[PDB]
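>>> Sharing an experimental structure here, sequence included.
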Amino acid sequence: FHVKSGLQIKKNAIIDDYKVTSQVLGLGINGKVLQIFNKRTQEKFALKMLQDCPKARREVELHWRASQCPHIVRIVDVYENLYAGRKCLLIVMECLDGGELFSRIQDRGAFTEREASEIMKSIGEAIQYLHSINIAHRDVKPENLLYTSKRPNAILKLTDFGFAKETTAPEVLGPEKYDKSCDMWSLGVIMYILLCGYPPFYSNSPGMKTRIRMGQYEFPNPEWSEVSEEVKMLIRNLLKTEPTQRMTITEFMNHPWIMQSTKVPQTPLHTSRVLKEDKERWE
Ligand SMILES: O=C1NCCc2[nH]c(-c3ccnc(-c4cnc5ccccc5c4)c3)cc21
């Protein structure tokens, strides 16, 4: 019998409680994210501002609901304040200062198949928690995967519920759109990039749409000469173009390559080299 607390929106001016700076930490689907400090504590936090409406009530609503998961960025407090005669929802969340995921990676002196497995599994856990309570994230990308700290054992967290949406014989207990499969695809793209340092669908750009729709990608050598068939096969079931043909977050979490991160080869990948070597067109 497990029950967690509900969301208590705070109404006092948020500055009573935090020093708000203008340093920008990230950009969201519907608000930027400033650095702020707890005036009473000097500790740092991230603040995302949204104009109260209902699209925003939802982000807060859903994100709060998901905030329990270890791999989802934790919401510290939510204020409803007045800002320029407009009413605002201000979300204060823990501060992920360890950087985005692909950046920690692109900064070393070698990345291993195994490390990739390990990373995929944490992203997987985030998605699995979300799907298990009927939230599709609908926007899992690299920019939304931040590390909690620079320390080498920091935690990977998922962010930005800007597009997060609810989703409600299993097909009798309530219909349900492809909404989740959307995440499983993202998951496949990230896993792809993790293993080789570039995305499976290239630009060169009316043809990128079409290679995406057609499902045209390869596992080119060198970068992949060393990677398991077992793995390519996994990537392949994620990047299926037919949503319903696509693997589910449960099958993914049970697939051996993920299930047993430590039973995975420490084989080296090119990812880190390729990620520097491409810092440019990485936009
Ligand atoms: O909801 C979001 N949508 C868009 C991207 C984003 N970043 C954040 C965020 C949340 C917490 N911390 C950070 C953050 C903190 N510290 C950083 C230091 C250096 C680089 C990036 C950092 C990001 C960003 C939230 C969201």
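Received, thanks. Numbers count the residues shown, from 1 in each chain.
>>> List the buried residues in the lengthiest helix in the chain.
If you go by DSSP state H, the chain has its longest helix at helix 113-132. For helix 113-132, burial by neighbour count (16 or more other C-beta atoms under 10 Å) applies to 113-117, 119-131. (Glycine included, C-beta is placed from N, CA and C.)
>>> chain center to the following helix or strand past it: distance?
The first helix or strand that comes after helix 113-132 along the chain, using DSSP states H and E, is strand 135-136. Distance of strand 135-136 from the chain centroid (C-alpha atoms, centre = their mean, to the nearest Å) equals 12 Å.
>>> same check, this time on stretch 87-98
16 Å.
>>> Is residue 174 located within a strand, as I assumed?
No - counting by DSSP: H, G, I helix; E, B strand; the rest coil, one finds residue 174 to be coil, located in no strand.
>>> Report the spatially nearest residue to residue 35, omitting neighbours in sequence.
residue 23 (4.4 Å; C-beta to C-beta, 6 or more residues apart in numbering).
>>> re earlier: run the contact check for the longest helix of the chain versus the ligand.
No - using C-beta under 6 Å from any ligand atom, helix 113-132 stays clear of the ligand, coming no nearer than 13.5 Å.
>>> Can you list phi and psi of the residue lying farthest from the centre of the chain for me?
Most distant residue from the mean C-alpha position of the chain: residue 85, 33.6 Å away (C-alpha atoms, centre = their mean). As for residue 85, its main-chain torsions (degrees, to the nearest 10) stand at phi 60, psi 0.
>>> what do you get for residue 38?
phi -70, psi 110.
>>> residues making contact with the strand or helix carrying residue 234?
Secondary structure assignment for residue 234, by DSSP H and E: helix 229-238. By C-beta atoms under 8 Å, 6 or more residues apart in numbering, the residues outside helix 229-238 that reach it are 113, 184-185, 187-189, 191-192, 195, 200, 219, 224, 245-247, 251-252, 255-257.
>>> Give me the buried subset of those residues.
Using 16+ other C-beta under 10 Å, the buried ones in the contacts of helix 229-238 are 113, 184-185, 187-189, 191-192, 195, 200, 219, 224, 246-247, 252, 255, 257.
>>> sec struct for residue 59, please.
helix.
>>> hang on, isn't it packed against residue 166?
No - here residue 59 lies out of contact with residue 166, judged by C-beta atoms under 8 Å, at a distance of 11.9 Å.
>>> Walk me through the domains of the chain.
Split into domains by curated CATH domains, the chain comes to 14-95, 96-275.
>>> Just give me the neighbour total for the spatially closest residue to residue 38 that is not a sequence neighbour.
Leaving aside its sequence neighbours, residue 38 sits nearest to residue 18 (C-beta to C-beta, 6+ apart; 5.6 Å). By other C-beta atoms under 10 Å, the residues close to residue 18 number 23.
>>> Quick check: residue 18 vs the ligand, distance?
Relative to the ligand, residue 18 is positioned 14 Å away (C-beta to the nearest ligand atom, to the nearest Å).
>>> residues contacting that residue?
36, 37, 38, 39, 45, 47, 92.
>>> what about 7 Å?
Shown in contact with residue 18 (C-beta atoms under 7 Å, 6 or more residues apart in numbering): 36, 37, 38, 39, 45.
>>> With residue 26 instead?
residue 33.
>>> same check, this time on the one 4 residues further on
Counting by C-beta under 7 Å, 6+ apart, residue 30 makes contact with 50, 55, 56, 162.
>>> Does the closest residue in space to the second one that isn't next to it in sequence fall in a helix, a strand, or a coil region?
The reference is to residue 55. Of all residues not flanking residue 55 in the chain, residue 30 sits nearest, at 6.9 Å (C-beta to C-beta, 6+ apart). Three-state call for residue 30 (three-state DSSP): coil.
>>> just residue 78 next, same as before
strand.
>>> Who are the contact partners of it?
7, 9, 10, 60, 89, 90, 91.
>>> need the domains of the chain in TSV with distance to residue 281, can you?
Output for the domains of the chain, formatted as TSV (distance: least, C-beta to C-beta, whole Å):
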stretch	distance to residue 281
domain 14-95	20
domain 96-275	8
